[PDB]
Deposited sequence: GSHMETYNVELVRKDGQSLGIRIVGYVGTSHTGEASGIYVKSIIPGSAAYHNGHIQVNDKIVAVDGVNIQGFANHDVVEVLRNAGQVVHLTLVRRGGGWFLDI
């Protein structure tokens, strides 16, 4: 059992979103990923990963409006740092 920190580069076109629904509460988490999106095609993002940095900026402790502000300026290529809980046993039931 452990924490994994990883970086992604997401590439999209003009007009396109990243393809991530975030949920805010403690931080921002990945709620869902739109199939066919930049986030889907990256292939490394999983539901419930915690987003801790966007485009070089550490967003931990940020209010909603401050999170919105860091993403507003996001371009065609967007860099995120995420944190994921790992280890634990698993079972397919």
property: Chain regions without C-alpha coordinates, deposited sequence numbering; result: 1, 27 to 35
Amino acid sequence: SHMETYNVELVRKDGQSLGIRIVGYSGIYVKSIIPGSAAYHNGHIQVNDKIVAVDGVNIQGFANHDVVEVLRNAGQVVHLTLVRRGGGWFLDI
From here on, numbers count along this sequence of modelled residues.
item: Given 27 to 35 and 52 to 60, the range whose Cα B-factors average higher in the PDB entry; value: 52 to 60
item: Residue with maximal Cα B-factor (values as given in the PDB entry) among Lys13, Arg21, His79, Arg85; value: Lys13
